[PDB]
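Shown next, in structure tokens, is the structure this report addresses.
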Ligand SMILES: CSc1ccccc1CC(=O)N1C[C@@H](C)C[C@H](C(N)=O)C1
Ligand SMILES: [Zn+2]
């Protein structure tokens, strides 16, 4: 679990969005596993606008943060799950690090701000949905 709170927006994994997220929908994209909903309270986070490929993510299944080197956002095949059919997920960045399904939502940050959230993983892999291209989250 986990969310980014920026301005009057809440960014979550689309597959973990609540009834309230859908009732306050701003934008969603199944191909990116992202959903953004509106909030009444002002957020606590700021978004990176950069090309970093290193950062630190929060891993809930270890109650710890880990440093990572990750690929640039790209279109990557993701096998079928309970939430989606087998498909290509776009704007996904992969890295070597620990993750389990419940780790989705953990934030990845670089020195400039929030980069994205955990969205996929595998045997010693962790994948992050990028949010740096969503300029309207502040603008
Ligand atoms: C951190 S998720 C994870 C970690 C280790 C092993 C397996 C997973 C599960 C995983 O990759 N997916 C299943 C589900 C959570 C939806 C995800 C998606 N964005 O399509 C894909
Ligand atoms: Zn950066």
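Reconstructed Cβ throughout: ideal geometry from the backbone, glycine too, with neighbour counts over all protein chains shown. No value in this document is a laboratory result; all are computed from the given coordinates.
For this structure, a couple of remarks:
- Efficiency of FRET between residue 41 and residue 133 - r from beta-carbon atoms, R0 35 angstrom, step 0.05: 0.90
- Multiplying the residue separation of residue 83 and residue 125 by 0.36 nm and removing their Cα-Cα distance gives an extension gain of 13.2 nm.
- Max mean-square fluctuation residue, GNM over the chain, Cα-Cα springs under 10 Å, options 83, 66, 57: 83
- Across the chain, the relative contact order, built from alpha-carbon pairs under 8 Å that are at least six residues apart, equals 25 percent.
- Selected from 59, 104, 44 as most flexible by GNM, with the chain as the system and alpha-carbon contacts under 10 Å: 44
- Remark: the residue 69-residue 98 segment gains 9.2 nm on full extension, using 0.36 nm per residue and subtracting the alpha carbon distance.
- Cα Rg over Rh - the chain, Kirkwood: 0.93
- Working ranking of peptides 92-98, 36-42 by packing, defined as the average number of other Cβ atoms within 10 Å per residue, highest first, is 92-98, 36-42.
- Structure-based [θ]222 nm, the chain - -39500 (n - 2.57) summed over DSSP H runs of at least 4, per residue, nearest 500: -500 deg cm²/dmol
- In plain terms, the bigger the Kirkwood radius, the slower the diffusion; for the range 75-139, with that radius from Cα pairs, at 20 °C and 1.002 mPa s, Stokes-Einstein puts D at 170 µm²/s.
- Taking each residue as 0.36 nm, the span from residue 111 to residue 15 lengthens on full extension beyond its C-alpha to C-alpha distance by 31.8 nm.
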